[PDB]
Structure formats: structure tokens, C-alpha cells
Amino acid sequence: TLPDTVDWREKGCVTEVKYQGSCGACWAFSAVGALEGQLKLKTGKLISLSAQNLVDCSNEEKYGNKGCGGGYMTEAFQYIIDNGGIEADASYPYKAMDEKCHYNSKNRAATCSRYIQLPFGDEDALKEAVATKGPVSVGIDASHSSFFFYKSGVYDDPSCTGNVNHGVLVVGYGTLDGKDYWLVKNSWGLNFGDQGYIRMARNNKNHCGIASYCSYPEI
Ligand SMILES: *C(=N)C1(NC(=O)[C@@H]2C[C@@H](S(=O)(=O)c3ccc(OCC(F)(F)F)cc3C(F)(F)F)CN2C(=O)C2(C)CC2)CC1
């Protein structure tokens, strides 16, 4: 059986909310967020990892990522795997611009061996992964102005579609005033949503495509 409510923030597995600025780096923050969760669960240390390392060093056709022009969480993991590591944010800080890759293996802060993809649109599979594995990288349709008007409750705008466009991180789930939600960490800083988080409708026919492209890394 699975718990009714999960919140990885309570287990110390979620770093501070970051601010992506005008660089289309949502995919990089989503990936490092998922990897940060796994690092904490394995080593016991919570460390912010370098979204900038991903933005600078995976901007090539091998991966299909485009730096500040967008990218894919799975390809970010693949880069980390191929590269034999990723730096911490401390040593490779976020600049919100495309820069020349300057990865240094002496500052390796985490590694990745493989990544897992969940079945397309399966919110039950996502619930199990969030419950038992940790934070999960997801794509959502975050193109509706209502997404940025949200302050509280459970975001459930009927105009949302399954055509996804932003990467974010699911750090938990539960039920708020009778409405099932996924607890989503964004990368728009602490002024977005509820302290950087939005609760998005769960079990409502894969709303905003939240369970369409789920993945998480394995250290
Ligand atoms: C964040 N600042 C930005 N968004 C961005 O980088 C997004 C993130 C992913 S996605 O989640 O939108 C996405 C899109 C399409 C996918 O597959 C469709 C297929 F292959 F089935 F046809 C998968 C994903 C997912 F897996 F979830 F990542 C990509 N993306 C993009 O902007 C891209 C590079 C244009 C697609 C920049 C706003």
C-alpha cells in the first residue's frame, strides 16, 4: 500500500527553490532537482547541483538540449551519465545565459548511472514512483496565464491540455480540501505560486500532461 500523502521536503530531500530568469533552463532545474533527491537518499547530504553545467555542456545534437532555448530532463541525465558527473551549484553557479562548458571532474558532486521513464499518462505509476523512489522529473502544460495567477488550493484550469511545454519536479502528493494534488517544485523563485510550489490536480485524467513524460535518475 502507498501513503495517502507524501512530501519529500519533510525528509530533507529538496533543495531551495531556484530562479531561472530569462533563460529557458526549466529542464535543467527539473533534472538536477530529481538528482538532488537521489543524492540525499543515498549519501545523506542535501546539495544543490549545477543547472548551469547542464545548460553549458549538453547544448549539442548528441543530447538535443538547447541551453537557454530549452531541453529534456532525460537528456540531461544522459549527459551526466556520459560525462561521469555533474558539479555542485556552489562551484558551477547559475548565470542564466549560454556559456562555454567548463566542467571540472575534480569538482564532481554527483553521478548518474541510468534513468527510469514511467508509462505514458499513468498517474498511478507516478504516485508509486513519488512514494517509493523520490522526486520525479515531469513535463507539464504551463502555458496558461492562470498558472501564474495561482496562490493556493489546487490548480485545475479546464483550458490546460496534454501538450507539455515546461519541465518541473514532483516532490509529493496528497489531497487538499477533497481535491487530489501533485506537489510541484518550479524554478521561478519563491515569489511564484506558494513559496515556489504549485499543487496541481491529480487523478483528473492526466491534467496538464503531468504524467505524460515522467523520469527519474539512479545514482
Ligand atoms: C523551460 N524553461 C522551457 N521548456 C523546455 O525546456 C521544455 C521541457 C521539455 S517538455 O517537458 O516540454 C517536453 C516536450 C516534448 C516531449 O516529447 C514529445 C514527443 F517526443 F513525444 F514528441 C517531452 C517533454 C519532456 F519529456 F517532458 F521533457 C522540452 N522543452 C522544450 O522547450 C523543448 C526543447 C521544445 C521542446 C523552455 C521553456
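Residues take their numbers from the sequence shown, with the count starting at 1. Below, all heavy atoms of this structure are taken into account, side chains as well, without hydrogens, waters or symmetry copies.
Linking ILVMFWY side-chain heavy atoms closer than 4.5 Å, directly or via other members, places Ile116 and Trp8 in a single hydrophobic cluster. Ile86 and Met73 fall within the same hydrophobic cluster, defined by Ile, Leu, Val, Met, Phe, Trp and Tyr side-chain heavy atoms under 4.5 Å apart, directly or through other members. The cluster map of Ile, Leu, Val, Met, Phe, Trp and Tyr, joined by side-chain heavy atoms under 4.5 Å apart, puts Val14 and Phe29 in different clusters.
A 4.5 Å side-chain heavy-atom check between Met200 and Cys208 finds at least one atom pair inside the cut-off. You'll find the side chain of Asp98 reaches within 4.5 Å of the side chain of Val55, heavy atoms only. You'll find the side chain of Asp180 stays beyond 4.5 Å of the side chain of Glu123, heavy atoms only. In this structure, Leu126 and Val136 have side chains that are in contact, with non-hydrogen atoms separated by less than 4.5 Å. The side-chain heavy atoms of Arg199 and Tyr150, taken from C-beta on, include a pair separated by under 4.5 Å. Counting heavy atoms from C-beta on, the side chains of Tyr115 and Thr74 come closer than 4.5 Å. Between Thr111 and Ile219, some side-chain heavy-atom pair lies under the 4.5 Å cut-off. For the pair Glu36/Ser48, a side-chain contact is recorded, criterion being any heavy-atom separation below 4.5 Å from C-beta on.
Between the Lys18 side chain and the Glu16 main chain, a donor and an acceptor come within less than 3.5 Å of each other. Distance alone, capped at 3.5 Å, places no donor-acceptor pair between the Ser58 side chain and the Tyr79 backbone. Although no hydrogens or angles enter the test, the distance criterion places no donor-acceptor pair under 3.5 Å between the side chain of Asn163 and the main chain of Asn165. Although no hydrogens or angles enter the test, the distance criterion places a donor-acceptor pair under 3.5 Å between the side chain of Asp56 and the main chain of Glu99.
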task = Show your reasoning for whether side-chain hydrogen bond (donor to acceptor under 3.5 Å, both in side chains) applies to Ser212 and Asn206.
result = CA-CA 7 Å; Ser212 291; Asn206 191 25; 2.9 Å; yes

query = Does the pair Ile81 and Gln78 meet the rule for a side-chain contact (heavy atoms from CB on, under 4.5 Å), with working shown?
reply = CA-CA 5 Å; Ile81 290 165; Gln78 192 65 60; 3.9 Å; yes

query = Going through the checks in order, is the side-chain hydrogen bond (donor to acceptor under 3.5 Å, both in side chains) test met by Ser30 and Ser137?
reply = CA-CA 6 Å; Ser30 174; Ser137 289; 3.2 Å; yes

key: Intermediate values then yes/no, side-chain hydrogen bond (donor to acceptor under 3.5 Å, both in side chains), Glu87 and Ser50   = CA-CA 6 Å; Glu87 299 199 29; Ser50 179; over 6 Å; no

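Minimum heavy-atom separation, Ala51 to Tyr94: CB-CD1, 4.5 Å. Closest of all the heavy-atom pairs between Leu2 and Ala131 is CD2-CB, 4.0 Å.
Residue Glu60 qualifies as enclosed at atom CD: its count of foreign heavy atoms under 6.0 Å is above 12.
Using cut-offs of 30° and 60° for the angle between ring planes, the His207 and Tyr155 rings count as tilted. Using cut-offs of 30° and 60° for the angle between ring planes, the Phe192 and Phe147 rings count as tilted.
Distance OG/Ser113 to CZ/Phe77: 11.5 Å, rounded to 0.5 Å.
If you run side chain to side chain contact (heavy atoms under 4.5 Å, CB included) between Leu49 and each of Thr15, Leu39, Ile80, only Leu39 comes through.
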